[PDB]
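Okay, so here's just one chain, in structure tokens, the form solved without the DNA.
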């Protein structure tokens, strides 16, 4: 029996139902843009469960026994089986508000509120936004527009590996015992990504050393002329606080734009000779490295279902920093992701199987 939870499903990158899931992902994204959280969640769960199937849906009979497929979702699947297209997703793709929100938020520094503001001002293209003489842009948006073409082109694995080398070389200069791990989509086996994420931890660093590393590493890159953008968020995580029932609670992290020289990239394959890359660095205390790694590996849907399963099925509270057992009234310790899964009574799901 297919579980309703992504954390009890193996979801690999061989998606046999892209025709259905691309349409469901568009409809979910539109519901996010229309602030319809409930309809958004229903489409996300349906998309997720179809991504896990080991075969393609070719008839309505194939949907029997599959959870998270409500009547609205089954009408969409029926329409795609009919003529290979979703009329509903096609109408979203042609909607003026949807087109504008996708295009405007594709800029680094532009979220829902700024995209909505620009749309209500009558803007429809990035050229008209950038050349307007009345608009005021944040420092994040300025960087987003300046490096737009590089940031909108997919980061590939040779580029992610080139970035990993840069991160490791800079980090070990200040903390030689530090462990640097590439997380996110690339850890799940993806060929491309919009950014490259890293988790940094040190078994012997002090509380102060741990706090200063991201400042030292970014100052070093600034001196090197490689830091195109930098925003460091100080940690809000507390050693003895219960896990959330929240994006306001986090480890020390930074959102960066790095200058990646093409000479550093070892690929099979001209212009300026460098590429702007979005990089996120996360620093965590050594004892919480498994919780942080699990949280930063993703996918978004796998993380949501892990936390939901922990709460509803195990009466446990899971977060990027800890796992708390409400029945035993104790925090559960873990040195690996495997130990976290075992505490939750779940079979271990490999990172490449978390593409929910």
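Residue numbers count along the first chain shown, from 1.
Form deposited with the DNA bound: not shown, discussed below.
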Any of the heavy atoms of residue 165 lying within 4.5 Å of the DNA in the entry with it bound?
no
Using heavy atoms and a 4.5 Å limit, would one call residue 179 a contact residue for the DNA in the entry with it bound?
no
Could you confirm whether residue 71 comes within 4.5 Å of the DNA in the entry with it bound, counting heavy atoms only?
yes
Examine residue 289 and determine whether its closest non-hydrogen atom to the DNA in the entry with it bound is within 4.5 angstroms.
no
Can you pick out, from 192, 87, 130, 114, the residue that has a heavy atom within 4.5 Å of the DNA in the entry with it bound?
114
Non-hydrogen atoms within 4.5 angstroms of the DNA in the entry with it bound: do 43, 110 and 233 all have one?
yes
Does anything in 296 to 329 come within 4.5 Å of the DNA in the entry with it bound by heavy atoms, and if so which residues, in order?
300, 303, 304, 307, 308, 311, 312, 317, 318
